[PDB]
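Everything on this sheet refers to the single structure shown next.
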Amino acid sequence: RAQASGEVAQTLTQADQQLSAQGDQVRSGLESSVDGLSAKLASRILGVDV
Amino acid sequence: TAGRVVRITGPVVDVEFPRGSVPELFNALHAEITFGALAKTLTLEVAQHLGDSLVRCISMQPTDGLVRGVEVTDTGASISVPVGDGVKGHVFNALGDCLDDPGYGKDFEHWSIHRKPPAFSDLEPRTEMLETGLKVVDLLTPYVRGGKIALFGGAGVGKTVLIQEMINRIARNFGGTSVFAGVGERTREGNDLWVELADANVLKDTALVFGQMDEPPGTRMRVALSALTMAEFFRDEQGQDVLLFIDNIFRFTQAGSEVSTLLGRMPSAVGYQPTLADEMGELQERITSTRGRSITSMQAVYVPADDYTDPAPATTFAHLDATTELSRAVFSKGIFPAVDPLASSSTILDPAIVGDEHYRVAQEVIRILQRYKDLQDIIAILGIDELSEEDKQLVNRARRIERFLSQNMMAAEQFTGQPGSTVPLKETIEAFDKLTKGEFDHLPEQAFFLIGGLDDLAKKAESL
Amino acid sequence: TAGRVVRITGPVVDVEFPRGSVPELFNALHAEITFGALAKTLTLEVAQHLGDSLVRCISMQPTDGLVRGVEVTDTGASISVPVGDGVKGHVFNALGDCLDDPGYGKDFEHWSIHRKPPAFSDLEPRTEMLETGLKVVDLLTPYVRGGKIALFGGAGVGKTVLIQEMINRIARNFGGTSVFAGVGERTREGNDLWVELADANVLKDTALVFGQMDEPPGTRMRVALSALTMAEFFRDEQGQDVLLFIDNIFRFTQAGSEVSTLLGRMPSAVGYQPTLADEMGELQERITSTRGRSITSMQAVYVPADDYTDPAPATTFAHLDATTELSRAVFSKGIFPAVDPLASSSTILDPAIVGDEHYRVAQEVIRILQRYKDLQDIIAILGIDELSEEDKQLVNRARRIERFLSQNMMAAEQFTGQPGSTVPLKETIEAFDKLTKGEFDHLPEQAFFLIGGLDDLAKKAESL
Amino acid sequence: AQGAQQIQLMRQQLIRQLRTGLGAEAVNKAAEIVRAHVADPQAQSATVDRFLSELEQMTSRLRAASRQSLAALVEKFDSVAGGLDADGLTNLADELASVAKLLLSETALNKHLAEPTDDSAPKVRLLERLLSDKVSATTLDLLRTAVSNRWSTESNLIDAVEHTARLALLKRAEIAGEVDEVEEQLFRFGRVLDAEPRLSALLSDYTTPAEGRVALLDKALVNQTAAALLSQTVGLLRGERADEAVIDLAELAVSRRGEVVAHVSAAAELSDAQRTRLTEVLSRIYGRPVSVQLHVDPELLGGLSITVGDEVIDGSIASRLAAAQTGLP
Amino acid sequence: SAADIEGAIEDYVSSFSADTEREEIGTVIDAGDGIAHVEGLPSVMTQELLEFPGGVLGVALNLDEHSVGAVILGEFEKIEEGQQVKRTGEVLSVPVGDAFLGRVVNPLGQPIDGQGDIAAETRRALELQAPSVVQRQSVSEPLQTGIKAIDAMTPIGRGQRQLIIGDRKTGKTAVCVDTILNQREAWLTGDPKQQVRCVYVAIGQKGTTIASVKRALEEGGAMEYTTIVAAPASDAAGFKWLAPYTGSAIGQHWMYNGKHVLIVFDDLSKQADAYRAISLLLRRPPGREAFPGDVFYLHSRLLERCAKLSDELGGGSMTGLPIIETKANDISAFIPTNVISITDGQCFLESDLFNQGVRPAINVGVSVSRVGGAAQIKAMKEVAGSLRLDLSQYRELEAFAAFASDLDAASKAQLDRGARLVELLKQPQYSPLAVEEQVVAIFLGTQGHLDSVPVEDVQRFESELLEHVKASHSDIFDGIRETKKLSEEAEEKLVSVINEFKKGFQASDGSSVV
Amino acid sequence: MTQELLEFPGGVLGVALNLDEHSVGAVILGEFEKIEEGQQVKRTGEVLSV
Amino acid sequence: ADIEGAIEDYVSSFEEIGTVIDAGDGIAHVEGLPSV
Amino acid sequence: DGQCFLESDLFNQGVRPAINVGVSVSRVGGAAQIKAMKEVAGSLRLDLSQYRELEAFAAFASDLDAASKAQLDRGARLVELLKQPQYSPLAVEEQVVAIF
């Protein structure tokens, strides 16, 4: 149980590093996507071409 | 033209009409619910007139999804139920629709569930004793063939085990026809009874009407009147002797108390309706044996919080020929059927009707248990030995008599696995005559529990 | 812009407002009283909206001398208390005004007393034990970090000394803080507590909130939420551990019932408010641990009629996690802090939350003290010589065990000059394990009084 | 295994909170884009046209006895007005208001005069002895039917007299041709008494002497009919909200043309080419003639929003923005 | 990650369409203490789920001529005069579906756990009627509760209602959490007929109690199949009133699809205290104990939802374990006797037995199951067939003989058997036994093999024997599991092993056993 | 009169227990099922008698 | 704007006398007395 | 701050002024007394609680252990010592000697 709890804590620390690093990276790509998705939503909110 | 809904208050619906088109009291009014999975035709019964063509109704289905301003149509007649020889074998809701197959009975003669009870010229007192074969009932609380019988009790003392015992004692061999009213009791018991009556093959000669717990207070009170309107047909037109098992007739007065608080009438004692005794009277008088034609009613009566003073029990206590007051104390001792011998009573326990030898024994047994109960305040502190010898002699037989009023019932087999016993009245009287004269005071108290008759007492004593 | 008073009925005031300016409920409103002998800035809390732009308010101060049509100004937020480290050392009313120096604290951040408990995902999933360092408390009634402890006090039974002690424990062991919710404090014993905490010099690490009995049931109800809103600032924004005393939590319930009756709501059960378990919920569910920091609570609880089934104590005991009880029968022996080892209890004293060794030692100490509390009748009536060698061998251990539950503590430093002592949990368990196995029987009872653990027992015992 | 599921739940929080960040940024960017497109008056004209074409593709306050009696009373008033003239109608209305003040003040008399009773001749006798010398005969001829009918509360007689006095005064606008003007001035007073919370609450003076409110209206607040309707209404106000009562005057005034009123919200200045189409599609939707109370406002920019009776059709950049931001994952 | 994240919002935007269909807007005309009256809404249904500007919901109860008396659910502090109120066009209903499994939700079926929104299959109306006397069938298959006392003496069949009535801090929650934890031995098997799934409805419980349960269910792995409904003690009477109904409406959607469901209600007394509050705020006049007359029609309408369906309705079931807090063991009180009259039995937990250390504290005689004994597996029914009666006669015989000098050998043997059966039935928290281990543990005591073992060692004696028989001779446990019957050839093979273990055992004081 | 007997049209009698300003609170002495709003009631001229 | 100037004029327009409207059982209700 | 529970049985048993000591309480306690009253009367609540335990044994005064027989007969004399006739309030200088 102690060995597996140490493994689970190590896995949780590895996930915290991986997800923090990924989170910054995906937000840069998402900022470009956000301009395209916002322009599509600007058509949907008006009900016409923009 | 027709009416419109105006106000809604859970199961109570207020509706208005054109000036001349106002319905009478107790008419059935249809209304439409038109939403989703709960779209249904709604049966309203008219309970009051409020003025300016408003009438206040009680709803027989839950009112969820009803809307103000929906059209309401007056059928111009009361709630009516199918009656006929072809009603026997089937299972109905309060409104007289068959649960087993909804197309059944719609072509039969239909009777209005609201009726006057039989006029006083046609009533006569019933005094013929009903042999049940239970020791405590046949001895101390002798039931009346064509009377009203009741089983008062708390929660989970065995009111419904006594009703499904009495179905096995009486309705299985009874040459007449049985009606069963489920008034506000468990749907599970309605299914376990329906499959039992099918397996026992009794179902061919009984009609069941159910208005179980899951139903709004309108139908949870009107089910008792519907079941009774089937029984009044078998009594009057078919000329049969009838059985009418009602379980639980406290839920009739309880559902009355719910609708009354919603009708906005002022609360009575402990929050019951006013008209508690007039609504209970209007049910309980209709269930009477007129001169030529008997109706053997048997009614479970729940007693809330075990409070035997509560207005609903205290109101229904007047209407009965035999009352079987079940008790938490006797239940805690495991002394099934749990009938409290000093509280239960029968109007036909008179020497002119049961004969001298029965009546002598049924007063010696009650004197003994009364004296034991009037020693219980000392017994609880000191135990037995601090009593005087004339009292200690008595308490030793009182504890034997108390345990010997227990029996292994036919209905008990589903819990204990042991079979059920039947004890004839003569072997019942003899056994309590010998006990009260002291013949068995050398046998241990454990020898008397859950045993049928003297031959089976002897066997159990020799097992010890 | 502002509103107008249009009805006054004792503490209840109705205020009319413009169609757009009607305050949301639980806002605080200020009103004027201008009659010279009773001049006030009368504070109102909004309870209901009566319709037609009219708001039902309950007054936080006596409504004597209010005029119909006086102006009422909405503050646009709830009753709000000053919060910050600057409330330590001071005594406040339920509205967040200082009593020791008026106008103190108005420069601070103000927090609205009506705020939700922690979100469900912020709660801790297991009950960490509080190491208070009191031998009796840690062993027999382990306290809960973020749980509520009942404190059944009395007249002179050291309750104020145990309060001064528990303040010193949290301030000096945990680096925490205390808040004292004086819910209906008698103004005499509120002053006696203020000057006693000042003489102990603990006042510098405590904030007092007195809702005196002088005041309408508006403030006697809200004072508990005011003190909890100071404690919630110390837990959330400072990140200190806190100890919120409440005295008396029954008077919170009672003041709530008196506001409910003043608002004309129908009473519930034995005459309480219908909202009882929900507004006791609003106070008690908010005393809890989050994000590694906590508000522990000690709640002096009155029990009307000594009825532990009365809805006010019963709703209180549905929350709290440990019960400490103080007894004059122990205080009169000099066994400070006078926690009754047998009447007190805790829900943490089970071998899942505490170790199996702790649970075993506490169950054995209880057994030995239960035997001695049975034998004390024989000791007093027949003298010690009536007992056997095994019973006197037990009484020798039991006398020493009840003495060894006494402690020299940081409240007693005021009188004796000797410093208070903290006993670690592991040392407490190991000490009572050896003491219950008799390993100190050759020491006299005087060697165990007022002693700071096992190394200190050796020091007193060799010097005696 | 618990650790492996806990890592997947941690990823789930990251990809969800990432989507809330993307979603909030996308709707806020869309809000800037649509607001900038919306700024053009041509774009607003296209938005209201798109809304209108989308819509093209798509006594009840009283109890039964009172409702029946009022319907009969108005049916007699339609006959009395059939011979009336403006200089008579203004007198009929001021006299019906005067007896409504008498019944409102002498609450003992009203509690007897309203008494629901089929044998109503005694009540007509009481009214006859009290009024016949005091007031003109045409008012007595209308009050005879107002008393002889059945009312559900003592209030509902004062409600029926007040409503009849109001009808008599509306009839001057109908015969003179001022019906559209008095409607516009009643919506003007309705909006200004809604925007002015001080004077309208002070006009709700049913706890104070009514002549103070009547003098206030004369000084602060025009067609003499709209002034008279307001002065009559504040006199008989009986604890109703003043702005809400003026709205109930305007609702009655359109109801005398057979129509109903829709309140309308737009960016600004909805043109007559819009109004004729909007009324025509509303007329299809509700099966009645209609009138539009144009309540223009920039905070509901783009599209069109309308309310009538209890329903609303509500297509605007600000409402559709709320629909878009709340639908986010 | 980013491709699916951007795609999901692109699809949301593509789906987003005008909501321009007209709705009735009303206005609040009165608010206070948990209720609000709404003017307008001429087309509102009774029990429609209204919504208020703060996102707060309410139930349209009292529809008057010109007002709609709503009950507010949640933060009624946010409600005030003149606020716009709109129809949702749905009767009082909650989202339902398999997506609720492992979630904690408020009574409206919104996530309170702080994880994502729930992918509900559909909505279900809370007030949809229970299955009638012809749709049901007789309870026939068991819930293993994994408590020795309960599966021996008061067996819970699937579609039974079994009242875990007791006092406060008596293990009522600990019996239900042990029942929910036990089902994981069936959830691992993929067939929907062994596989029970659970709902645990927390009404008026402390948030720390619900968090402790949530964590104990994660430790056992029960959160793969358990839905919690949380109406913690802080939440207004509207949520504490609905929490049982939405718990049952989550459950019913699985029951009607032919899955097996367990509902725990913890605690129905705090629903009754909340419906009393709503009723007295609405001024509906009180009855007994200040409850309204229809407090019976609260619990009965809730517990009649629990049933076993016939094969015509897919053969599913829902098993209701309502809890009730008594006060000082007044089992004859009003709310207790209402629920004892609805349910199919009670497991009365006595606080005197709980403080003496008999845990779970099942007070026999007054505890019973009236449906049970049909569903209890044949081996368990053979071993336990006398054990209820043998314990009741022990309780009376001990309460007598504790104040007598001496007694006859047959009575003394019955007393010593009874005291060893009581030490045999107790077990530690979060240790649910598989039924193949329970029946052997009851075989030890009922057949008298404990008669050579002193009362100070009996619990250890069973604990070592049930690991020995799990390590060798396992064909006993495997046989009981795979044929449900303690056959003659398993009984003799068990008695050949118990005697080898008795010679292998030594009490903490006295000799080796025989 | 107070406690006068009232004849309702179904032959059934009642008694005037309350007298308000515009209304009379009558108890019905018999089958009340035949009573409804809007039907005539005749006074007997007789205080409650047998 | 002008509404506030009018309300000030109205407040300027408004010993005080009440009149008993009800009496019973040791209570009397007084109408008027706006500054009580 | 305190309660002097007067009881109608103690009034009839002769114990006038009828104060039920041992349920009557003053939360102020010793601070409300002169030092001479504290020193003299501090033991009085202990002696009267011990008599309130021993009073059941009044029927067995010969069998009861002598060290507590000297608490029972003391206790009976302390109950007589607390009887007092109305309109005869003792000055503090007198009731210090009376409790002594």
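In the structure tokens, each chain is lettered A, B, ... as it comes, each chain's residues begin at 1, and ligands are numbered from 1 in order of appearance.
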Report as a Markdown table: every residue of chain C with an atom at most 12 Å from chain G, its closest pair of atoms, and their distance in Å to one decimal, counting only C-alpha atoms, with rows sorted by chain and ascending residue number.
| residue | atom | partner | partner_atom | distance |
| --- | --- | --- | --- | --- |
| C:1 | CA | G:4 | CA | 10.2 |
| C:5 | CA | G:34 | CA | 11.6 |
| C:6 | CA | G:34 | CA | 10.2 |
| C:7 | CA | G:34 | CA | 11.6 |
| C:8 | CA | G:36 | CA | 11.3 |
| C:34 | CA | G:35 | CA | 11.9 |
| C:35 | CA | G:36 | CA | 11.1 |
| C:64 | CA | G:36 | CA | 11.4 |
| C:65 | CA | G:36 | CA | 8.7 |
| C:66 | CA | G:36 | CA | 8.5 |
| C:67 | CA | G:36 | CA | 5.9 |
| C:68 | CA | G:35 | CA | 6.6 |
| C:69 | CA | G:34 | CA | 7.9 |
| C:70 | CA | G:35 | CA | 9.1 |
Exercise. Which residues come within 12 Å of range 10-12 of chain G, counting only C-alpha atoms, excluding same-chain residues fewer than 3 positions away, as a VMD selection string?
Worked result: (chain C and resid 69) or (chain D and resid 198 to 199 202 to 203 205 208 to 209 211 to 213 215 to 216) or (chain G and resid 3 to 7)
Problem set entry | Contacts of residue 23 in chain H at 10 Å (only C-alpha atoms; same-chain gap of 3+ positions) as a PyMOL selection string | chain H and resi 3-6+19-20
Output N, CA, C and O atoms of each residue in that selection to a file, as a compact mmCIF listing (two decimals), in the first residue's frame.
# COMPACT_ATOMS: atom_id res chain seq x y z
N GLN H 3 -31.20 31.28 40.98
CA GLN H 3 -32.56 30.88 41.29
C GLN H 3 -32.64 30.34 42.71
O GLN H 3 -31.92 29.43 43.07
N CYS H 4 -33.59 30.83 43.49
CA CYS H 4 -33.89 30.32 44.82
C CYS H 4 -35.15 29.46 44.76
O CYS H 4 -36.14 29.84 45.36
N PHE H 5 -35.16 28.33 44.05
CA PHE H 5 -36.35 27.47 43.89
C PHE H 5 -37.04 27.17 45.23
O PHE H 5 -36.55 26.35 46.00
N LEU H 6 -38.16 27.82 45.51
CA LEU H 6 -39.00 27.47 46.66
C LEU H 6 -39.91 26.31 46.26
O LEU H 6 -40.51 26.34 45.19
N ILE H 19 -36.47 26.80 50.61
CA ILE H 19 -35.51 26.87 49.52
C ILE H 19 -34.95 25.48 49.26
O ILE H 19 -34.34 24.88 50.14
N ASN H 20 -35.15 24.94 48.06
CA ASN H 20 -34.59 23.66 47.67
C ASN H 20 -33.09 23.80 47.34
O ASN H 20 -32.69 23.84 46.18
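Going from CA of residue 292 in chain B to CA of residue 168 in chain B covers 26.0 Å.
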Within 9 Å of chain D, which residues of chain A come that close, and what is the closest atom pair and distance in Å for each? Count only C-alpha atoms and give it as JSON lines.
{"residue": "A:5", "atom": "CA", "partner": "D:3", "partner_atom": "CA", "distance": 8.8}
{"residue": "A:7", "atom": "CA", "partner": "D:3", "partner_atom": "CA", "distance": 8.5}
{"residue": "A:8", "atom": "CA", "partner": "D:3", "partner_atom": "CA", "distance": 5.2}
{"residue": "A:9", "atom": "CA", "partner": "D:3", "partner_atom": "CA", "distance": 8.1}
{"residue": "A:11", "atom": "CA", "partner": "D:3", "partner_atom": "CA", "distance": 7.1}
{"residue": "A:12", "atom": "CA", "partner": "D:7", "partner_atom": "CA", "distance": 6.6}
{"residue": "A:15", "atom": "CA", "partner": "D:7", "partner_atom": "CA", "distance": 6.4}
{"residue": "A:16", "atom": "CA", "partner": "D:10", "partner_atom": "CA", "distance": 8.3}
{"residue": "A:19", "atom": "CA", "partner": "D:11", "partner_atom": "CA", "distance": 6.9}
{"residue": "A:20", "atom": "CA", "partner": "D:14", "partner_atom": "CA", "distance": 8.7}
{"residue": "A:23", "atom": "CA", "partner": "D:14", "partner_atom": "CA", "distance": 7.1}
{"residue": "A:26", "atom": "CA", "partner": "D:18", "partner_atom": "CA", "distance": 8.3}
{"residue": "A:27", "atom": "CA", "partner": "D:18", "partner_atom": "CA", "distance": 7.3}
{"residue": "A:30", "atom": "CA", "partner": "D:22", "partner_atom": "CA", "distance": 6.6}
{"residue": "A:31", "atom": "CA", "partner": "D:22", "partner_atom": "CA", "distance": 7.4}
{"residue": "A:33", "atom": "CA", "partner": "D:22", "partner_atom": "CA", "distance": 8.5}
{"residue": "A:34", "atom": "CA", "partner": "D:26", "partner_atom": "CA", "distance": 5.2}
{"residue": "A:35", "atom": "CA", "partner": "D:26", "partner_atom": "CA", "distance": 6.8}
{"residue": "A:36", "atom": "CA", "partner": "D:26", "partner_atom": "CA", "distance": 8.4}
{"residue": "A:37", "atom": "CA", "partner": "D:26", "partner_atom": "CA", "distance": 6.0}
{"residue": "A:38", "atom": "CA", "partner": "D:26", "partner_atom": "CA", "distance": 4.3}
{"residue": "A:39", "atom": "CA", "partner": "D:30", "partner_atom": "CA", "distance": 6.0}
{"residue": "A:40", "atom": "CA", "partner": "D:30", "partner_atom": "CA", "distance": 7.9}
{"residue": "A:41", "atom": "CA", "partner": "D:30", "partner_atom": "CA", "distance": 5.8}
{"residue": "A:42", "atom": "CA", "partner": "D:30", "partner_atom": "CA", "distance": 4.5}
{"residue": "A:43", "atom": "CA", "partner": "D:34", "partner_atom": "CA", "distance": 7.9}
{"residue": "A:45", "atom": "CA", "partner": "D:320", "partner_atom": "CA", "distance": 6.1}
{"residue": "A:46", "atom": "CA", "partner": "D:34", "partner_atom": "CA", "distance": 6.7}
{"residue": "A:47", "atom": "CA", "partner": "D:50", "partner_atom": "CA", "distance": 8.3}
{"residue": "A:48", "atom": "CA", "partner": "D:47", "partner_atom": "CA", "distance": 8.8}
{"residue": "A:50", "atom": "CA", "partner": "D:37", "partner_atom": "CA", "distance": 7.1}
Problem set entry | Residue list for chain D near chain E as a ChimeraX atom specification, 6 Å, only C-alpha atoms | /D:310-315
For this session: Identify, on the basis of only C-alpha atoms, every residue whose closest approach to range 33-45 of chain H does not exceed 9 Å; exclude the query and any residue fewer than 2 positions from it along the same chain; express the result as a ChimeraX atom specification.
Result: /H:21-22,29-31,47-50,78,92,95-97,99-100
For N, CA, C and O atoms, I'd like the residues from the last selection saved as a PDB file, in the first residue's frame.
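Once written, selection02.pdb looks like this:
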ATOM      1  N   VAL H  21     -32.258  23.858  48.369  1.00  0.00           N
ATOM      2  CA  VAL H  21     -30.799  23.850  48.231  1.00  0.00           C
ATOM      3  C   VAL H  21     -30.320  22.612  47.475  1.00  0.00           C
ATOM      4  O   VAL H  21     -30.921  21.544  47.547  1.00  0.00           O
ATOM      5  N   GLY H  22     -29.262  22.756  46.686  1.00  0.00           N
ATOM      6  CA  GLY H  22     -28.809  21.716  45.757  1.00  0.00           C
ATOM      7  C   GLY H  22     -29.592  21.608  44.441  1.00  0.00           C
ATOM      8  O   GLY H  22     -29.236  20.795  43.588  1.00  0.00           O
ATOM      9  N   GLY H  29     -21.767  33.257  43.237  1.00  0.00           N
ATOM     10  CA  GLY H  29     -21.062  32.417  44.207  1.00  0.00           C
ATOM     11  C   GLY H  29     -20.346  33.230  45.285  1.00  0.00           C
ATOM     12  O   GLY H  29     -20.824  34.277  45.722  1.00  0.00           O
ATOM     13  N   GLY H  30     -19.189  32.750  45.728  1.00  0.00           N
ATOM     14  CA  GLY H  30     -18.469  33.288  46.882  1.00  0.00           C
ATOM     15  C   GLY H  30     -18.190  34.794  46.860  1.00  0.00           C
ATOM     16  O   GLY H  30     -18.146  35.399  47.926  1.00  0.00           O
ATOM     17  N   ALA H  31     -18.058  35.439  45.698  1.00  0.00           N
ATOM     18  CA  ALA H  31     -17.794  36.880  45.589  1.00  0.00           C
ATOM     19  C   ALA H  31     -18.857  37.771  46.265  1.00  0.00           C
ATOM     20  O   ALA H  31     -18.551  38.881  46.698  1.00  0.00           O
ATOM     21  N   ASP H  47     -21.859  19.461  53.055  1.00  0.00           N
ATOM     22  CA  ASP H  47     -22.558  18.731  54.129  1.00  0.00           C
ATOM     23  C   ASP H  47     -24.029  18.451  53.787  1.00  0.00           C
ATOM     24  O   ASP H  47     -24.529  17.355  54.048  1.00  0.00           O
ATOM     25  N   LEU H  48     -24.726  19.415  53.178  1.00  0.00           N
ATOM     26  CA  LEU H  48     -26.133  19.263  52.798  1.00  0.00           C
ATOM     27  C   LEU H  48     -26.336  18.449  51.517  1.00  0.00           C
ATOM     28  O   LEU H  48     -27.375  17.811  51.385  1.00  0.00           O
ATOM     29  N   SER H  49     -25.368  18.384  50.602  1.00  0.00           N
ATOM     30  CA  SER H  49     -25.418  17.398  49.514  1.00  0.00           C
ATOM     31  C   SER H  49     -25.168  15.982  50.036  1.00  0.00           C
ATOM     32  O   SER H  49     -25.902  15.069  49.670  1.00  0.00           O
ATOM     33  N   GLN H  50     -24.220  15.790  50.956  1.00  0.00           N
ATOM     34  CA  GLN H  50     -23.976  14.484  51.577  1.00  0.00           C
ATOM     35  C   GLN H  50     -25.190  14.008  52.378  1.00  0.00           C
ATOM     36  O   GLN H  50     -25.621  12.873  52.204  1.00  0.00           O
ATOM     37  N   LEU H  78     -28.192  20.542  60.398  1.00  0.00           N
ATOM     38  CA  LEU H  78     -28.021  21.632  59.440  1.00  0.00           C
ATOM     39  C   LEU H  78     -29.320  21.990  58.712  1.00  0.00           C
ATOM     40  O   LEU H  78     -29.521  23.153  58.388  1.00  0.00           O
ATOM     41  N   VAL H  92     -25.931  40.018  59.320  1.00  0.00           N
ATOM     42  CA  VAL H  92     -24.848  39.106  58.891  1.00  0.00           C
ATOM     43  C   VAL H  92     -23.962  38.664  60.048  1.00  0.00           C
ATOM     44  O   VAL H  92     -23.607  37.497  60.131  1.00  0.00           O
ATOM     45  N   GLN H  95     -25.915  35.616  61.603  1.00  0.00           N
ATOM     46  CA  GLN H  95     -25.947  34.381  60.819  1.00  0.00           C
ATOM     47  C   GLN H  95     -24.563  33.783  60.527  1.00  0.00           C
ATOM     48  O   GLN H  95     -24.483  32.577  60.356  1.00  0.00           O
ATOM     49  N   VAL H  96     -23.463  34.542  60.583  1.00  0.00           N
ATOM     50  CA  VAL H  96     -22.107  33.955  60.634  1.00  0.00           C
ATOM     51  C   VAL H  96     -21.955  33.025  61.830  1.00  0.00           C
ATOM     52  O   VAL H  96     -21.462  31.915  61.685  1.00  0.00           O
ATOM     53  N   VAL H  97     -22.390  33.451  63.016  1.00  0.00           N
ATOM     54  CA  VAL H  97     -22.360  32.628  64.229  1.00  0.00           C
ATOM     55  C   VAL H  97     -23.353  31.474  64.120  1.00  0.00           C
ATOM     56  O   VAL H  97     -23.035  30.353  64.493  1.00  0.00           O
ATOM     57  N   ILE H  99     -24.404  29.791  61.392  1.00  0.00           N
ATOM     58  CA  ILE H  99     -23.823  28.744  60.549  1.00  0.00           C
ATOM     59  C   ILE H  99     -22.558  28.151  61.183  1.00  0.00           C
ATOM     60  O   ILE H  99     -22.329  26.953  61.053  1.00  0.00           O
ATOM     61  N   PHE H 100     -21.777  28.927  61.935  1.00  0.00           N
ATOM     62  CA  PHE H 100     -20.641  28.409  62.697  1.00  0.00           C
ATOM     63  C   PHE H 100     -21.059  27.289  63.654  1.00  0.00           C
ATOM     64  O   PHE H 100     -20.441  26.229  63.637  1.00  0.00           O
TER      65      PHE H 100
END
Exercise. Quick one: residues within 7 Å of residue 298 in chain B, only C-alpha atoms counted, chain neighbours fewer than 4 positions away excluded, as a PyMOL selection string?
Worked result: chain B and resi 148-150+244-246
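The interatomic distance for the pair CA of residue 112 in chain C and CA of residue 260 in chain C works out to 21.8 Å.
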Exercise. What's the 9 Å shell around range 30-39 of chain E, counting only C-alpha atoms, without same-chain residues fewer than 3 positions away, as a PyMOL selection string?
Worked result: (chain C and resi 25+47-52+275) or (chain E and resi 26-27+42+58+60+62+66-77+79-82+84-85+236-238+278+281-282)
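Here chain B has been superposed onto chain C using all C-alpha atoms in order, and the two differ by 3.6 Å RMSD.
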Exercise. Using only C-alpha atoms, which chain C residues lie at most 10 Å away from chain D, written as JSON, numbers by chain?
Worked result: {"C": [1, 17, 18, 19, 20, 21, 52, 53]}
